[PDB]
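Visitor: The structure that follows is given in the form of structure tokens.
Every number in this text was worked out from the coordinates using simple rules, so none of it is lab data. Methodologically, a virtual Cβ is constructed for each residue, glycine included, from the backbone with ideal geometry; neighbour enumeration extends over all protein chains shown.
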Amino acid sequence: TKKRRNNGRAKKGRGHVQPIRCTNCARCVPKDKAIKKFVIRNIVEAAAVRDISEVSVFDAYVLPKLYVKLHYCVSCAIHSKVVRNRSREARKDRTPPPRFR
Amino acid sequence: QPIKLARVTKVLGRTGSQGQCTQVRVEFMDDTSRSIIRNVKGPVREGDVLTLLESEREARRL
Amino acid sequence: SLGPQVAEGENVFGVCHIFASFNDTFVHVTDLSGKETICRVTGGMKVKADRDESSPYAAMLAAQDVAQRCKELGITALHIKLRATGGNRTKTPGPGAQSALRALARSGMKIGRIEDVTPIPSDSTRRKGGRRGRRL
Amino acid sequence: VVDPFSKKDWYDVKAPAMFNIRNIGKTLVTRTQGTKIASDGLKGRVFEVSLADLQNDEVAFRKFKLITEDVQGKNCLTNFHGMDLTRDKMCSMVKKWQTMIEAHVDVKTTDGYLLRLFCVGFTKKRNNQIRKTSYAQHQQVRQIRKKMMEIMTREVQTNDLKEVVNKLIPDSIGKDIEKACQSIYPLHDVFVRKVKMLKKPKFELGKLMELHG
RNA sequence: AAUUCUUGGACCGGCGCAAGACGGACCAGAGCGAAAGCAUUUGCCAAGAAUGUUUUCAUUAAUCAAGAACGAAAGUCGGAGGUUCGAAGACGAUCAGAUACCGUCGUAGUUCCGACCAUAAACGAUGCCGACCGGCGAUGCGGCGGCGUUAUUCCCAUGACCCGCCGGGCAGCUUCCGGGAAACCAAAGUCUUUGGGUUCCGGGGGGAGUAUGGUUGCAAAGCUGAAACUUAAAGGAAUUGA
RNA sequence: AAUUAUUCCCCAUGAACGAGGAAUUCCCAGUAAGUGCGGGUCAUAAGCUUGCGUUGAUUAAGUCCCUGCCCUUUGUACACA
Ligand SMILES: [Mg+2]
Ligand SMILES: [Zn+2]
């Protein structure tokens, strides 16, 4: 039976969308179907901050961030717990979950 | 490196695998301002004191 | 093994090309031109267990080792050029990068400017593994 | 069975007069004992120095390529070879809901340095804008790309490399394109993304020795 | 972990050189196309929807057996090319066994030009043309009207925003329009109150898209396509358990 | 009726055992544990069990890490599940 009105993807008026490789696997999935995440981390972690803060020659150097755009297949996205199964009615809510702090 | 005295201001909650730490924000007795979160073993009250072997490394607010 | 720079407060910068893959960690100090190698201590040179060459442990060991080998030759500070596998493969620095970068800054070497040099393609060849990927 | 850092003498590196702080840093070579010579091996090496390290305290997102054209005596005399933005800056600029306009030109200085200049601009979201996207139509993009090319060429072609690098130390070119393309579609993050050196002139000595003060 | 590579200096780092693939991030429930499909720049060539119109012709139209153009991927023949990846195959592991999953190689192929083949879950699993029947907010293109903001500072006037209106398009949200076995659908509605026009096509499950004849193709195979015999269910949506 | 010693007494005999590997049981206050005393069985009759006092702590006011069990969402061609 039909589960999702849009067939689990953001294709409406095309017919073909170039496929993309899952980052975890190397599975070819359509670009619009793939679960995309944008990861912005500092090059050093949290506790190493104060070590490299004071063992650096430059006073007030804002060390850079690494910017990674991750694509997953639905299999990897559910396994790595990026997305999960939802209530039959709660599946519909498209609003991205709250990030405050 | 000097051992520093700090007064536990408040208890937040308990952490560890089997709930065997107390997450508490501990204010330094020497300087009036500096408050850092540390994990505490044993039964801890609110309004007691700790002897820190290092005054810098801080616990993660879980 | 004789730097003519007076050790007043003049910092002699090397450049360490930290290549943290998911099955090895390279800690490699180079001269400022990028040509002449000073010291190269790989991850699997320290530990002889093939599984955990790309560990925070072996990365920390090799980082302390190069830091001692580097202050012998008289390089004071270092510039960081961190990179992942890149190309077709994953673009995240492996689990060794953090222990390597931390440990050789803990070991008395000063950090200049940190940057990323992961070889990213404008667009690449076909990736290893099938169309269905790595089923496991 | 030898100490490979017994026979390695160090050097000083001078940056050209255009930048403030001159002594870049240290170098090493196996000093001559036959056919392969110290100078012969020392020439052709390229350095990538941050503009913050070349000036006193400055832009950390811009880097400059300098090659050892010749060595005088215990001293490498570098010359401008290229320029590029940093990975973190280039990644931080490129974000969703805007058109990213890119243009490249192949231009020649009066002295025989041929350069290839890569410019990049992003369409700017307005102050009272309720719309989320703020894209530019394809003719608007083509016109902005036309203004990018014609400004990047008129700026470089007419004067010598010393004055061109003096323009690249600010971003006087990036400002000029950001001013010209106000009427077509207002931009914000207009930088000369990259510079590549393709063909260089016949290596004279008096040219570089007056570029080095 | 092993097969592989490496003191005839691998892997890592620098400067160049060539090769053949591929156009990241911008990239969207955005656009265009009859569908397949289509993404770096610039130039040339012909095409096209929508809008605008107090232009023109005056029923020239809708759908269609016969016939015809295009048709992903794989595949076949001929020439050029061979970077990556990789049916076959060569091993290395795991396993009770592995002829697989996992790993190192790897021919055909993948790429380009010219001939074929004509099929896909070729999907909106939903023919096309026309009319009528709720509301709301956005969006892409064209037009139209209006405080104000910003650039051309000289701002006439164009561009970037802002607020609304009109027409075509991709979609969305919502409701006792109404329908439906329901899931759900402003179409899958206006259906026992049954009739706007027309093409294709289904008749319990198997046997079987098989046999046979015909036709197309070099081959693979494509299109058309039964019977004997067997069988009381197979199946669709939704519910409560495990 | 005590041989294959029922129970009890006396002299004699003087064993492994120096605190116990893999693992693993029970328990938070008059509780654990030590310590003895009655009931049941009973002609003979406690190393068991079932009750009673006596002396009287260490640690904790927590968690889902391990082991179990119960929910909610979800998928199902299973309903002797
Ligand atoms: Mg399709
Ligand atoms: Zn995957």
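Visitor: Take C:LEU104 and tell me if it is more than 9 Å from every other protein chain (Cβ to nearest Cβ) and either surrounded by fewer than 17 Cβ atoms within 10 Å (Cβ to Cβ) or in a helix (DSSP H, G or I) (or both).
Guide: Numbers: more than 9 Å from every other protein chain (Cβ to nearest Cβ): yes; either surrounded by fewer than 17 Cβ atoms within 10 Å (Cβ to Cβ) or in a helix (DSSP H, G or I) (or both): yes.
Taking the combined requirement at face value, the residue satisfies it.
Visitor: Also, quick follow-up: Could you grab me the full set of residues in the range D:1-42 that are more than 17 Å from C:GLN5 (Cα to Cα) and aromatic (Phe, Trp, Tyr)?
Guide: Matches in the range D:1-42: D:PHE19 only.
Visitor: Let me ask something else about it. So, restricting to strands (runs of 3 or more DSSP E) that lie completely within the range C:2-49, which ones have at least 2 residues that are within 11 Å of chain D (Cβ to nearest Cβ)?
Guide: Values: elements: C:13-16, C:25-30, C:37-42.
Fully inside the range C:2-49 and qualifying: C:13-16, C:37-42.
Visitor: For the range A:49-78, name all the residues that are free of Cβ contacts under 8 Å to residues at least 12 places away in the same chain and assigned to a helix (DSSP H, G or I). First the steps, then the outcome.
Guide: Taking the range A:49-78 first, the residues free of Cβ contacts under 8 Å to residues at least 12 places away in the same chain are A:49-62, A:78.
Passing the criteria: A:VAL49, A:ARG50, A:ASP51, A:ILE52, A:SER53, A:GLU54, A:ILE78.
Here is a yes/no grid of residues against (1) away from chain A (no Cβ under 14 Å); (2) small (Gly, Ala, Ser); (3) within 16 Å of RNA strand F (Cβ to nearest atom):
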| site | (1), (2), (3) |
| --- | --- |
| B:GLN18 | yes, no, yes |
| B:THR22 | yes, no, yes |
| B:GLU27 | yes, no, no |
| B:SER33 | yes, yes, no |
| B:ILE37 | no, no, no |
| B:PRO43 | yes, no, yes |
| B:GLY47 | yes, yes, yes |
| B:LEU52 | yes, no, no |
| B:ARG57 | no, no, no |
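Visitor: Let me ask you something else. Quick one: which of D:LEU77, D:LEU51 is buried (at least 17 other Cβ atoms within 10 Å of the Cβ) and over 29 Å from C:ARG83 (Cβ atoms)?
Guide: Values: D:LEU51 fails: over 29 Å from C:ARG83 (Cβ atoms).
Going through D:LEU77, D:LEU51 in turn, just one is buried (at least 17 other Cβ atoms within 10 Å of the Cβ) and over 29 Å from C:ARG83 (Cβ atoms): D:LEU77.
Visitor: Here's something else I'd like to know. Assuming A:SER75 fulfils every condition listed in (1) within 16 Å of RNA strand F (Cβ to nearest atom); (2) within 28 Å of D:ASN56 (Cβ to Cβ) apart from one, which condition is it?
Guide: (2)
Visitor: Being more than 16 Å from ligand 2 (Cβ to nearest atom) and more than 29 Å from C:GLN98 (Cβ to Cβ) is the filter here, so list the residues in the range A:63-95 that pass it.
Guide: Within the range A:63-95, A:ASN85, A:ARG86, A:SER87, A:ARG88, A:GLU89, A:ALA90, A:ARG91, A:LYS92, A:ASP93, A:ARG94, A:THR95 meet the criteria.
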